[PDB]
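**Q** Coordinates in coords-v2.txt, compact mmCIF, C-alpha atoms, are listed below.
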# COMPACT_ATOMS: atom_id res chain seq x y z
CA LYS I 1 0.00 0.00 0.00
CA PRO I 2 0.96 3.68 -0.45
CA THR I 3 2.84 5.47 2.33
CA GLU I 4 6.05 7.16 1.18
CA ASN I 5 4.59 9.25 -1.65
CA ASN I 6 1.40 9.51 -3.72
CA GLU I 7 -0.11 11.06 -6.84
CA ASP I 8 -0.11 14.80 -7.54
CA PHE I 9 -3.62 15.47 -8.84
CA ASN I 10 -7.31 15.16 -7.99
CA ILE I 11 -9.47 12.62 -9.82
CA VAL I 12 -12.42 12.55 -7.42
CA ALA I 13 -13.65 15.92 -8.70
CA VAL I 14 -12.24 15.57 -12.21
CA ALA I 15 -14.15 12.34 -12.85
CA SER I 16 -17.23 13.86 -11.21
CA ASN I 17 -17.35 16.69 -13.75
CA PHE I 18 -16.91 14.17 -16.57
CA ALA I 19 -19.77 12.08 -15.19
CA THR I 20 -22.74 12.15 -17.56
CA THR I 21 -25.28 10.81 -15.06
CA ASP I 22 -27.40 13.13 -12.92
CA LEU I 23 -24.77 13.18 -10.17
CA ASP I 24 -24.69 16.97 -10.36
CA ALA I 25 -27.72 16.96 -8.06
CA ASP I 26 -25.61 15.51 -5.25
CA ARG I 27 -22.73 17.82 -6.19
CA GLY I 28 -24.83 20.68 -4.86
CA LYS I 29 -23.30 19.94 -1.47
CA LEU I 30 -20.13 17.93 -2.07
CA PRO I 31 -17.61 17.03 0.67
CA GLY I 32 -16.74 20.27 2.44
CA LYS I 33 -14.08 18.59 4.57
CA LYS I 34 -11.52 17.65 1.92
CA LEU I 35 -10.88 14.07 0.79
CA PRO I 36 -7.82 11.98 1.74
CA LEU I 37 -5.54 10.48 -0.91
CA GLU I 38 -6.68 7.06 0.30
CA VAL I 39 -9.88 7.63 -1.66
CA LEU I 40 -8.06 9.23 -4.59
CA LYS I 41 -5.91 6.18 -5.31
CA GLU I 42 -9.13 4.14 -5.34
CA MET I 43 -11.03 6.41 -7.73
CA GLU I 44 -8.02 6.88 -10.01
CA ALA I 45 -7.34 3.14 -9.83
CA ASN I 46 -10.46 2.67 -11.95
CA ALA I 47 -9.71 5.43 -14.46
CA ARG I 48 -6.07 4.43 -14.93
CA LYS I 49 -7.28 0.87 -15.52
CA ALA I 50 -9.50 2.07 -18.37
CA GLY I 51 -6.44 3.64 -19.98
CA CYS I 52 -5.90 7.13 -18.60
CA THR I 53 -2.77 9.28 -18.56
CA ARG I 54 -1.29 11.53 -15.87
CA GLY I 55 -0.98 14.61 -18.06
CA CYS I 56 -4.67 14.24 -18.90
CA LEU I 57 -6.20 14.36 -15.42
CA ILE I 58 -3.52 16.83 -14.33
CA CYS I 59 -4.64 19.09 -17.18
CA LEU I 60 -8.28 19.06 -16.06
CA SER I 61 -7.26 19.36 -12.41
CA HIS I 62 -4.82 22.18 -13.15
CA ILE I 63 -7.57 24.12 -14.93
CA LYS I 64 -7.76 27.85 -14.23
CA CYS I 65 -10.84 29.50 -12.74
CA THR I 66 -12.08 33.08 -13.12
CA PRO I 67 -13.57 35.27 -10.36
CA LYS I 68 -16.71 35.98 -12.39
CA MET I 69 -17.16 32.28 -13.15
CA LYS I 70 -17.46 31.15 -9.53
CA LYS I 71 -20.03 33.92 -9.09
CA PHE I 72 -22.33 32.01 -11.45
CA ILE I 73 -21.13 28.46 -10.77
CA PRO I 74 -19.93 28.60 -7.14
CA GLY I 75 -18.56 25.31 -5.84
CA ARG I 76 -17.72 23.93 -9.28
CA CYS I 77 -14.16 25.18 -9.75
CA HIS I 78 -11.05 25.25 -7.56
CA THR I 79 -11.90 21.71 -6.45
CA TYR I 80 -13.45 21.13 -3.03
CA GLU I 81 -10.31 21.95 -1.05
CA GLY I 82 -7.67 24.64 -1.49
CA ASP I 83 -6.65 27.21 1.11
CA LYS I 84 -3.12 28.63 1.26
CA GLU I 85 -3.19 31.56 -1.17
CA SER I 86 -0.26 33.12 -3.02
CA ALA I 87 -0.83 36.83 -3.63
CA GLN I 88 2.01 39.18 -4.59
CA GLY I 89 3.19 39.69 -8.15
CA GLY I 90 5.93 42.29 -8.38
CA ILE I 91 4.51 44.18 -11.35
CA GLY I 92 0.87 43.14 -11.49
CA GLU I 93 -1.71 40.84 -9.92
CA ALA I 94 -2.56 37.43 -11.37
CA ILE I 95 -5.34 37.09 -13.94
CA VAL I 96 -7.21 34.07 -15.30
CA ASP I 97 -7.20 34.27 -19.10
CA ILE I 98 -6.77 31.73 -21.89
CA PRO I 99 -4.26 32.47 -24.69
CA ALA I 100 -6.09 30.14 -27.07
CA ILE I 101 -9.46 31.58 -26.08
CA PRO I 102 -9.70 35.39 -25.80
CA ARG I 103 -13.49 35.63 -25.87
CA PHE I 104 -13.55 32.92 -23.20
CA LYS I 105 -12.62 35.65 -20.71
CA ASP I 106 -15.70 37.64 -21.73
CA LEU I 107 -17.82 34.56 -22.47
CA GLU I 108 -20.56 32.93 -20.40
CA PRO I 109 -19.58 31.08 -17.19
CA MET I 110 -20.68 27.63 -18.35
CA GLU I 111 -18.86 28.08 -21.65
CA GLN I 112 -15.71 29.11 -19.78
CA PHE I 113 -15.48 25.86 -17.81
CA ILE I 114 -16.07 23.80 -20.96
CA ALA I 115 -13.59 25.97 -22.86
CA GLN I 116 -10.65 24.86 -20.73
CA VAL I 117 -11.88 21.28 -20.29
CA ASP I 118 -12.08 21.01 -24.08
CA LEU I 119 -8.66 22.60 -24.52
CA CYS I 120 -7.06 19.63 -22.76
CA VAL I 121 -6.96 17.30 -25.77
CA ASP I 122 -4.40 15.04 -24.11
CA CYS I 123 -7.06 12.60 -22.91
CA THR I 124 -7.89 9.33 -24.67
CA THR I 125 -11.38 8.29 -25.76
CA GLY I 126 -11.34 5.35 -23.36
CA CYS I 127 -10.13 7.58 -20.54
CA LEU I 128 -12.67 10.33 -21.20
CA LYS I 129 -15.54 7.86 -20.91
CA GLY I 130 -13.84 5.98 -18.09
CA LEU I 131 -13.83 9.13 -15.95
CA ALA I 132 -17.59 9.56 -16.31
CA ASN I 133 -18.36 5.85 -15.96
CA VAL I 134 -15.75 5.55 -13.21
CA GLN I 135 -18.56 5.28 -10.67
CA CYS I 136 -18.15 5.98 -6.95
CA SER I 137 -15.52 3.62 -5.53
CA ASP I 138 -16.11 1.70 -2.30
CA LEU I 139 -13.97 4.13 -0.31
CA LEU I 140 -15.61 7.15 -1.95
CA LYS I 141 -18.97 5.81 -0.78
CA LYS I 142 -17.77 5.36 2.80
CA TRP I 143 -16.53 8.96 2.89
CA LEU I 144 -19.35 10.35 0.76
CA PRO I 145 -22.44 8.46 1.98
CA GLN I 146 -24.63 11.43 1.07
CA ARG I 147 -23.88 11.81 -2.64
CA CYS I 148 -22.67 8.22 -3.00
CA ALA I 149 -23.80 4.99 -1.34
CA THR I 150 -26.97 4.65 0.73
CA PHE I 151 -25.90 3.19 4.07
CA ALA I 152 -22.55 4.60 5.20
CA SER I 153 -22.54 7.62 7.52
CA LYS I 154 -19.19 7.76 9.32
CA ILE I 155 -15.98 9.79 9.11
CA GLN I 156 -12.57 9.81 10.78
CA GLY I 157 -10.36 12.54 9.34
CA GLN I 158 -6.63 12.32 8.71
CA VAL I 159 -4.05 15.10 9.07
CA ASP I 160 -0.71 15.60 7.32
CA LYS I 161 1.53 18.05 5.46
CA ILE I 162 1.52 17.84 1.67
CA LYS I 163 1.26 20.44 -1.10
CA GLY I 164 2.91 21.87 -4.19
CA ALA I 165 2.31 22.93 -7.78
CA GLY I 166 1.57 26.54 -8.71
CA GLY I 167 2.46 27.69 -12.21
CA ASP I 168 1.50 30.56 -14.50
Would you put the structure from the file into structure tokens?

**A**
Amino acid sequence: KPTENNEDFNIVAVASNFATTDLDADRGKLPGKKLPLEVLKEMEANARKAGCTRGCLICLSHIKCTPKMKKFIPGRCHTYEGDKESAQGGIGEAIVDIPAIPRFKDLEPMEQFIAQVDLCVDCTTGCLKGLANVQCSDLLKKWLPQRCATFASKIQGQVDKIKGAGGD
């Protein structure tokens, strides 16, 4: 089992967004207590098995989010967990804009999210569908008995120190 190190991306949310089913209804709440990697390895274990790549998920997970977007679709971007800001700049603050999509910045909120998601063309057909049909893993159900499963209703909560990333 994993202990030393682990992945460097979030599939729980990524796969959720890809899901075609009416899971969005349960997404209205989502886990507001962060999810441990223990569940990530499980969820990703299914996607990777279908034939998924790291750069793919990482691309969808490393997607940028605008301030006006969240205003319309709050709780859809920036994953479920985050904290620890950055701030500072030296010459100017940071802005969320796509070089391949100028209008995207001044485009609808829903179109914005899809704009980036579509940009990431590093995902395979089998992986794209695998993420949506990934289904809620056993662990995911135990932690998310509300949205997933229909019996579980417990929670422990693990603490640690892990973080990174942060590009342009």

**Q** Find the residues near residue 163 (chain I): any atom within 10 Å, counting all atoms listed in the file, skip ones fewer than 6 places away on the same chain, and give them as an MDAnalysis selection string.

**A** chainID I and resid 8 82 84

**Q** Export, as a PDB file, in the coordinates of the input, the selected residues with C-alpha atoms.

**A**
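Contents of the output file part17.pdb:
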ATOM      1  CA  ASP I   8      -0.110  14.800  -7.540  1.00  0.00           C
ATOM      2  CA  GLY I  82      -7.670  24.640  -1.490  1.00  0.00           C
ATOM      3  CA  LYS I  84      -3.120  28.630   1.260  1.00  0.00           C
TER       4      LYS I  84
END

**Q** Which residues are near region 133-138 of chain I? Cut-off 9 Å, only C-alpha atoms, ignore same chain within fewer than 3 positions. Put them as a list in words.

**A**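 Near region 133-138 of chain I, the qualifying residues are residues 12, 15, 16, 18, 19, 20, 21, 39, 42, 43, 44, 46, 47, 50, 128, 129, 130, 141, 142, 143, 144, 148 and 149 of chain I.
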
**Q** Using all atoms listed in the file, which of I:59, I:87, I:45, I:11 sits nearest residue 117 (chain I)?

**A**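 When distances to residue 117 (chain I) are compared using all atoms listed in the file, the smallest one comes from I:59.
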
**Q** With only C-alpha atoms as the counted atoms, please give the residues lying no more than 10 Å from region 97-100 of chain I, apart from itself and same-chain residues fewer than 5 positions off, as a PDB file with C-alpha atoms, in the coordinates of the input.

**A**
ATOM      1  CA  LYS I  64      -7.760  27.850 -14.230  1.00  0.00           C
ATOM      2  CA  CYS I  65     -10.840  29.500 -12.740  1.00  0.00           C
ATOM      3  CA  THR I  66     -12.080  33.080 -13.120  1.00  0.00           C
ATOM      4  CA  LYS I 105     -12.620  35.650 -20.710  1.00  0.00           C
ATOM      5  CA  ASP I 106     -15.700  37.640 -21.730  1.00  0.00           C
ATOM      6  CA  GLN I 112     -15.710  29.110 -19.780  1.00  0.00           C
ATOM      7  CA  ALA I 115     -13.590  25.970 -22.860  1.00  0.00           C
ATOM      8  CA  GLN I 116     -10.650  24.860 -20.730  1.00  0.00           C
ATOM      9  CA  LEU I 119      -8.660  22.600 -24.520  1.00  0.00           C
TER      10      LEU I 119
END

**Q** At a cut-off of 10 Å, using all atoms listed in the file, what residues contact residue 74 (chain I)? Leave out same-chain residues fewer than 6 positions from it and give the result as a VMD selection string.

**A** chain I and resid 28 67 to 68

**Q** Restricting the calculation to all atoms listed in the file, which member of I:131, I:140, I:63, I:69 is positioned closest to residue 167 (chain I)?

**A**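 For residue 167 (chain I), the nearest of the given residues is I:63.
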
**Q** I'd like to know which of I:107, I:58, I:35, I:121 is closest to residue 165 (chain I), using only C-alpha atoms.

**A**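 Among I:107, I:58, I:35, I:121, it is I:58 that comes nearest to residue 165 (chain I).
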
**Q** Which residue out of I:80, I:151, I:113, I:104 has the minimum interatomic distance to residue 33 (chain I) when all atoms listed in the file are used?

**A**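 When distances to residue 33 (chain I) are compared using all atoms listed in the file, the smallest one comes from I:80.
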
**Q** Is it possible to get the axis-aligned box enclosing region 72-77 of chain I (all listed atoms, 5 Å extra per side) as JSON, with centre and edge lengths in Å rounded to one decimal?

**A**
{"center_x": -18.2, "center_y": 28.0, "center_z": -8.6, "size_x": 18.2, "size_y": 18.1, "size_z": 15.6}

**Q** Any idea what the distance is between CA of residue 49 (chain I) and CA of residue 78 (chain I)?

**A** 25.9 Å

**Q** Env of residue 123 (chain I): 10 Å cut, atoms = all atoms listed in the file, seq-sep filter 6 positions within chain, self excluded. Answer as JSON, numbers by chain.

**A** {"I": [51, 52, 53, 54, 55, 56, 57, 59, 60, 129]}

**Q** I:152, I:96, I:101, I:13: which is nearest residue 34 (chain I), counting all atoms listed in the file?

**A**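 With all atoms listed in the file as the atom set, the closest residue is I:13.
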